């Protein structure tokens, strides 16, 4: 029944101080155990950062010790990481985790991009089912999510209703330095017109939420 959840800024500018917070549900930070921060360089392995005990004591990975502090707010059942003077090497997914002799419960992770650039919401274009997708049994349709920064973007279909057959691709970098991805779904050709398909895109750093409906 334990839940951990990381919250923080998805974007931080170089040399600034990165600040993350973990909120624990269903167990008290004060009772027992050591509460940890771990990060994961994109497309790479995991690095242990440090912990704060139930007692408030702390220990850190020497590779980052001189730039970090961990601390807690017992009255909110939160504990936090602060990483000072960040660079691009500190771009990673950051994980909250409990250590009971081992890491049992983890948070979902938040991605942190260290960049000088400004947040940019995405354009959303429909991927239109053309007549050859139509003539067979099944037809393909989707959403193109273009020109955004930073990661990540969140796509669903019909607000969660549609899951089967849905492929949301990994974002690719464009030569414009901006991200772009596609999300596509396979559906029975007969249901077109009968059934409406909307892709629900959410890009939090630009506070963008689009709901484009795809028809031909």
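Residue numbers count along the first chain shown, from 1.
- Per-stretch averaging of Cα B factors for 186 to 194 and 32 to 40 places 186 to 194 on top.
- Here the stretch with the larger average CA B-factor, out of 171 to 179 and 155 to 163, is 155 to 163.
- Sorting 119, 110, 131, 78 by the CA temperature factor given in the entry leaves 131 at the top.
- The PDB entry assigns residue 27 a C-alpha temperature factor belonging to the highest third of its chain's modelled residues.
- Ranked against the other modelled residues of its chain, the C-alpha B-factor of residue 127 as given in the entry falls in the highest third.
- Per the PDB record, residue ranking by Cα B-factor puts residue 15 in the middle third of the chain.
- When the modelled residues of the chain are ordered by their C-alpha B factor, residue 100 lands in the middle third.
- Among the modelled residues of its chain, residue 89 has a C-alpha B-factor that falls in the middle third according to the deposited record.
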